[PDB]
């Protein structure tokens, strides 16, 4: 399972099981470019979030119900959707994944 492997490799579930996570299959520069696109509000209310003009290839990783450390289990869902990231810093780059419309 792609999710069970990438979450492990990326050290996301080596010392615990993370409920959800999304992996973007686009170039890093292309994703970093989102910090200058459509500005929108973040889930929390703050407004340093941005939505992509286009849809991007992504894989959603969702833990199953029976999952428990040390045996985390994930449901893999591939899709193409707009991403919403919160930016910060200089250069202005993404630091959090807010959602995917």
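Positions refer to the first chain, counted from 1. We call the rigid core whatever largest set of C-alpha positions still superposes within 1.5 Å between the two forms.
- RMS Cα deviation from the shown model in 6 other deposited structures of this protein, rigid core fit, is larger for 6 to 14 than for the other stretch of the pair 88 to 96 / 6 to 14.
- After superposing on the rigid core, the larger RMS C-alpha deviation in 6 other deposited structures of this protein belongs to 62 to 70, the other candidate being whichever of 62 to 70 and 26 to 34 remains.
- When the two stretches 62 to 70 and 49 to 57 are set side by side, the higher mean Cα temperature factor goes to 62 to 70.
- Going by the entry's values, 44 shows the largest Cα B-factor out of 37, 44, 76, 32.
- Sort the modelled residues of the chain by CA B factor and residue 99 lands in the highest third.
- When all modelled residues of the chain are sorted by CA temperature factor, residue 14 is found within the highest third.
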